[PDB]
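**Q** Experimental structure below, sequence on top.
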Amino acid sequence: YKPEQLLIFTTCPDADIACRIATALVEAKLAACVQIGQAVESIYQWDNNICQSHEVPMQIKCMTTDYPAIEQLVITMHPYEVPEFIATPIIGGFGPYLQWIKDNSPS
Amino acid sequence: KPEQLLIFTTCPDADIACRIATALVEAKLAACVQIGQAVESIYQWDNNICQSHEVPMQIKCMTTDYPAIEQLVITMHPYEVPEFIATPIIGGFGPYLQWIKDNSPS
Amino acid sequence: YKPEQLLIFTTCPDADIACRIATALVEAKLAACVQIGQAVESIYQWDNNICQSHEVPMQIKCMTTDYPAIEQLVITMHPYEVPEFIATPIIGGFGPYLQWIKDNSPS
């Protein structure tokens, strides 16, 4: 509403898959940095049943204006269709860090 | 003001977190709850510096369901005033956002 | 957005540093609470190689009003010139928790 930069969260099934997508996304300079956490548990339902995946969390720091491309790359590379993939607004931070994200970006 | 929220919260151990996540998703109040591995919280209680081990939770949900998610989690939580904070979702993969929406009846 | 309170994400090169900065933050009463997670893997470019460091993740919960001092403190204690340090807006939560945050920052 509308922020210059975005914090994206996702998960991969797997930490090798997370790594592949991560590095792709950094080589291409679509994201300045991707963080891959240690395994999380996701509880959801499908669709009358309560489900329990063991997953790998990813945080993507980026420019909003690069969002559609990142979405496309990540989701294309992800084994599921309909992966967790959500964005929250970056609303401030250390200026020179914020500017690095911006400078690194292929705009 | 967003259609959807990312909620951060903390439980004292994995067992209480998992049984709160299950409730919240059985109740169709959250589409998905993520439980992380343990996490060190540092905070001041007696004007003294404390260190609890906790498990972190992320809840993806519709803003409209927030009051119920709040109460559910807070009543079930052992602490009087636990950590519970809302963050805006302002984008994502459409079919994923849609699956969150579809999944609350309201 | 212009929120009362922020969620800040940041990162330290190891847990001892995270602890040291956490402690400072909490004993200065700049942040009511600070969360140090278990290691994460950060992927980013430097000198146009693809790097991955293991890092310790931090969440800071605070009043937007304290922000300038938190940034100042965290950035200067951090060993890198340009640490990861971003804020996202808190737009809601358990009233008495947000209060507690509000009350723990001396006025």
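**A** In hand now; what should we look at? Residues are numbered from 1 along each chain as shown, chains lettered A, B, ... in the order given.

**Q** Show me the helices in chain A, by range?
**A** A:15-27, A:67-77, A:95-104 (DSSP state H).

**Q** ranking these by burial, who's on top?
**A** Mean neighbours per residue, mean count of other CB atoms under 10 Å in any protein chain shown, is largest over the helices of chain A for helix A:15-27, with a mean of 19. C-beta coordinates here come from the backbone N, C-alpha and C atoms, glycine included.

**Q** by contact count, what packs against that one?
**A** The criterion is 3 or more CB pairs under 8 Å, 6 or more residues apart in numbering or on different chains; DSSP states H and E, and the helices and strands that helix A:15-27 contacts are strand A:33-36, strand A:50-63, helix A:67-77, strand C:40-46, strand C:49-63.

**Q** Distance from it to the middle of the chain?
**A** A distance of 10 Å separates the centroid of the chain from that of helix A:15-27, by CA atoms, centre = their mean, to the nearest Å.

**Q** what residues does it touch?
**A** Helix A:15-27 is contacted from outside by A:12, A:31-34, A:36, A:39, A:56, A:58, A:60, A:70, A:73-74, A:77-79, C:41, C:43-45, C:50, using CB atoms under 8 Å, 6 or more residues apart in numbering or on different chains.

**Q** Now with 6 Å, please.
**A** For helix A:15-27, the external contacting residues (CB atoms under 6 Å, 6 or more residues apart in numbering or on different chains) are A:12, A:31, A:34, A:36, A:56, A:58, A:74, A:77, C:43, C:45.

**Q** What are the phi and psi values at the second one?
**A** It refers to residue A:31. Geometry field for residue A:31 lists phi and psi as phi -130, psi 150, criterion degrees, to the nearest 10.

**Q** And it, how close does it get to residue A:38?
**A** The spacing between residue A:31 and residue A:38, counted by CB to CB, to the nearest Å, is 20 Å.

**Q** ok, now the last one?
**A** From residue C:45 over to residue A:38 the distance is 23 Å, taken as CB to CB.

**Q** How much space separates the most far-flung residue of chain A relative to its centre from residue C:11?
**A** Centroid-distance maximum for chain A: residue A:48 at 28.5 Å, with CA atoms, centre = their mean. Per CB to CB, residue A:48 is found 41 Å from residue C:11.

**Q** near chain B, which residues of chain A?
**A** Contact residues (CB under 6 Å from any CB of the partner chain) of chain A with chain B: A:38, A:40-45, A:75, A:82, A:85-89.
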